[PDB]
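Heads up, the chain below is alone and in the form deposited in one PDB entry; it's given as structure tokens.
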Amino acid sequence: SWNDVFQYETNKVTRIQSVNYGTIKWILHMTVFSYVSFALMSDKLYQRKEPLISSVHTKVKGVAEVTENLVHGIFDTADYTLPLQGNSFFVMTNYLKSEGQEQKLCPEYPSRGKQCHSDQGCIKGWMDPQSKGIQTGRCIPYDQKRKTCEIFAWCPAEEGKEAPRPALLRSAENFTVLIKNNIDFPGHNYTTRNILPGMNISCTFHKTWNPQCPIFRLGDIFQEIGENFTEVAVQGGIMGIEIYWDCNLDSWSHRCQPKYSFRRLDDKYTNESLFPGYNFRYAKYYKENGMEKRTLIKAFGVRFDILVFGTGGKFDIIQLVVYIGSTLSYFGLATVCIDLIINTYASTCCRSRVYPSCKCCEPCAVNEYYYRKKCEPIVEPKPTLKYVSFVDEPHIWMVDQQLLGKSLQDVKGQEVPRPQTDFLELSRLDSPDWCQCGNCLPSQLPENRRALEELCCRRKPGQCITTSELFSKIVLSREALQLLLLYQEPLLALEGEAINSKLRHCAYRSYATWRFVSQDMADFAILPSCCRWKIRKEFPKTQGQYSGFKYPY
């Protein structure tokens, strides 16, 4: 089967020289091409994108002078507050220091209504989880009007004390942080950094003037997003410094720069029971005067979380191939649309309701010509298929249903048009109850299938089709049938009953071709009893029943 391999199939097509259809086709093609190209370029769907891996190294620089009372102290954001310099860092903005605490008995701080109306109110032997002090069951006069429960704990106890207002280290808004960010795209084998040779050092970040300076003033960070540093400093907070890397690693469009943005990460309206702000407690234990003491510091501040995210794209051929394959089927849109137009306007419904109503749609009736040049309807050749023609009608009846002992003459079928004959070929030129022509005869077939041949040439009384001279010229012309037989077999022998059978079949074939036109219908046609029996009379059989119609398949 070598020839089976070497076959090539190509579809049969129909050019149409239509201005409208060609214009529509090209418009739709340009539209699809424009959109797919735009999507590819905008979304960079030709690039295989990779996420980055990041390293952050921060350096906070600030000295705050505090007058605590009176002692003038300096708070350097180099050793006092910054042992961690990386993704996240903390800048202290307030503190509550309790110097020289001794484990002894003292009143508890009156926080959130922590007081007593009577001595018996306090519970002996139970330590409050907030004050973290063991109650002795007595109530001390903490203040003149703010007496609180007696407790044995570190004293003077300050647990529950509110953060000082205004914040002690407000000057922290004047501090600066230098962020060094190293990224890599391991798949693309590309690494870069946010500081490059030839960058200003005295610069400070501004979203317009200095959008690439990695030195940030904290107050500016807060102002850029409408946050009040003075208020946030009191209880603390969490702020995000987002670094976005939208990086194009293609040589012809290379661009890998960071974009800095800011976002408050703590909730401003956190409920008082969910620990608003940001703080931590750390203690330093020291023995003074032979008595173990402890210095406790509750520090409030802003934790800055540096969030680095982004992707790096580089041209990938496989991605482009996949995208093109995905978008290729969209170029059949023109075909789909124009074929749908042809099919819709080829209907007989439009000439009856649409065009009469709208006369601007009349010239869209050429779709009927475009649809006959495009489609060839055919029917399933099932055994029950039969075609019927009546000389008193202009069209043909297809009886695909079975005859339940009912004469074929009395069967509705379904009307179909007679095919237009090839004019070029022709340019070279007592009776039964179901019979209206009077020339039909009872069928000799077995009673069960006798109704197939119970057909007449016409539906109303009149002259039989056999009376026409064309019937004799075509169907009963022994000369013409012999010529057709010789055309099929030039050396045919004109002797015996074989020739009489060959001529009878040719007469049937001739009537069916003459009155059904297409071979598709001529194959399943049914001859009337009149024509059938005239043919048989003029081409008899030596002996035996005529088989009648036999299923072609």
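Each residue number is its position in the shown sequence, starting from 1. Rigid core: the largest C-alpha set superposing within 1.5 Å between the two forms.
Asks: Might you work out how many residues are unmodelled in the deposited sequence between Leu429 and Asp430, and answer none, 1 to 3, 4 to 9, or 10 or more?
Replies: Per the record, 10 or more deposited residues are absent between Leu429 and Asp430.
Asks: Between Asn69 and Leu70, determine how many residues of the deposited chain lack coordinates; answer none if the chain runs continuously, otherwise 1 to 3, 4 to 9, or 10 or more.
Replies: In the record, 4 to 9 residues between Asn69 and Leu70 lack coordinates.
The same protein also has a form deposited in another entry, omitted here; what follows describes it.
Asks: Compare C-alpha positions between this form and the one not shown after fitting on the rigid core and state which of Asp76, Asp422, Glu447, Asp119 moves by at least 2 angstroms.
Replies: So the only displaced C-alpha belongs to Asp119.
Asks: For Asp410, is the C-alpha shift between this form and the one not shown 2 Å or more after core superposition?
Replies: For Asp410, whose C-alpha is compared between this form and the one not shown after core superposition, the shift is less than 2 Å.
Asks: So with the core overlaid, does the Cα of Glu362 end up 2 Å or more away between this form and the one not shown?
Replies: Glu362 C-alpha, core-superposed: shift of less than 2 Å.
Asks: Please determine whether the C-alpha atom of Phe152 is displaced by 2 Å or more between this form and the one not shown following superposition on the rigid core.
Replies: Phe152 C-alpha, core-superposed: shift of 2 Å or more.
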